[PDB]
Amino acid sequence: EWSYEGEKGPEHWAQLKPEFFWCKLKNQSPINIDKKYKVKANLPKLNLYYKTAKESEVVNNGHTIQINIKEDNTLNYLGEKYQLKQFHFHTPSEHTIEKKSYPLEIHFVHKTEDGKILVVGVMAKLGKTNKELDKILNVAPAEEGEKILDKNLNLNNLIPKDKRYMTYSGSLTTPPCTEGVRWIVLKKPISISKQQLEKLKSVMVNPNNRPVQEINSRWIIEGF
């Protein structure tokens, strides 16, 4: 077990279990997207276009609020077939952009049959209410537990229509912090209402963002 505070906090993760050794390495996430270590180049188109999510499972695992997806969605990227497994929340955001923090960051976790992991991160700023998020928050357990959502979700409405993104090689932001993770962070944020942010914080442990990590020898590539 680990947490975001105390002796089980981020600074002590690598010491909690032998399998968490990754947490202290050189290609960790999240990071601050710094212009100094960023280049601009044409990157592969990001084609998500998820299927409607029916009877998805909303889980409170003591670390975040996660939504497990039942349908088989395929994200074709660099010839690999990534399957969306779930998406979850972090408040405040884990990545920062030019030191700017967002009240919410959404992670859509995908994995290929052979284990390759690709996470799509979406920032959210306070603004207009997001219709999909209310469906999730209305049934999200305030304590560790799981609940099946009776309403369908249009996952595409939790992602900006404009798919321009930045990418870099990183890791999982929670123990074991495994590296070799392909990170894709959307440039444009979506919006959520103050009310939704308050509601999320009333049911999810927070703050639950890992401190930004050292960039080391990595370059961030921002697409067009």
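Residues carry their position along the shown sequence, with the first being 1.
203-211 and 7-15 differ in mean CA B-factor, and the higher of the two is recorded for 7-15.
Remark: stretch with higher mean C-alpha B factor among 66-74 and 186-194 is 66-74. Looking only at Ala140, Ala124, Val119, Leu84, the residue with the top Cα B factor in the deposited structure is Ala140.
In the deposited entry, the Cα temperature factor of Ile148 sits in the top third of values across the chain's modelled residues. In this PDB entry, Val181 carries a Cα temperature factor that places it within the lowest third of its chain's modelled residues. Among all modelled residues in its chain, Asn32 ranks in the lowest third by Cα B-factor.
Remark: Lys131 belongs to the highest third of its chain, ranked by C-alpha B-factor as recorded.
In the deposited entry, the Cα temperature factor of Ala41 sits in the bottom third of values across the chain's modelled residues.
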